[PDB]
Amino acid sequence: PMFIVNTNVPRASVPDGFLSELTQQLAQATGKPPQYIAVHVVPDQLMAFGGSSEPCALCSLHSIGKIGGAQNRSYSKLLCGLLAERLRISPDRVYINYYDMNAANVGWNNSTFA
């Protein structure tokens, strides 16, 4: 799993431990060990959501499997909750794109997961 968050909130507002929390909670939610999980947080971005530059986030979760209707609803509850409590972003100003990757289309360590 790979989780990316782009946000307009300032870097100084990202709390200590946030990357680790995303890693831990994504391991719990996807069932993949933390060693398999990558996270990327991009603050200070020029962004608007609904025509407003109030705090917002655009995110993506890529995963080899573990993507689907009910799973994605659960991930959205989890991830919006973290963005609200940690980054102060209202859940109605977050989009998350979910991508189910074929293992042959994910490279790692001089090979792919096919």
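In case it trips you up, residue 1 is the first one in the sequence shown, and so on.
Asks: What stretch has the higher average Cα B-factor here, 88-96 or 8-16?
Replies: Looking at the recorded C-alpha B-factors, 8-16 comes out higher on average.
Asks: Quick one: which of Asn72, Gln45, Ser60, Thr30 shows the highest Cα temperature factor in the PDB entry?
Replies: Across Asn72, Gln45, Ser60, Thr30, the entry lists the biggest C-alpha B-factor for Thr30.
Asks: Quick check for you: using the entry's CA B-factors within this chain, is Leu79 in the lowest, middle or highest third?
Replies: Its C-alpha B-factor, which the entry lists for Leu79, ranks in the middle third among residues of this chain.
Asks: Looking at the temperature factor on the CA atom of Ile67, which third of the chain's modelled residues does it land in?
Replies: Ranked within chain, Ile67 CA B lands in the highest tercile.
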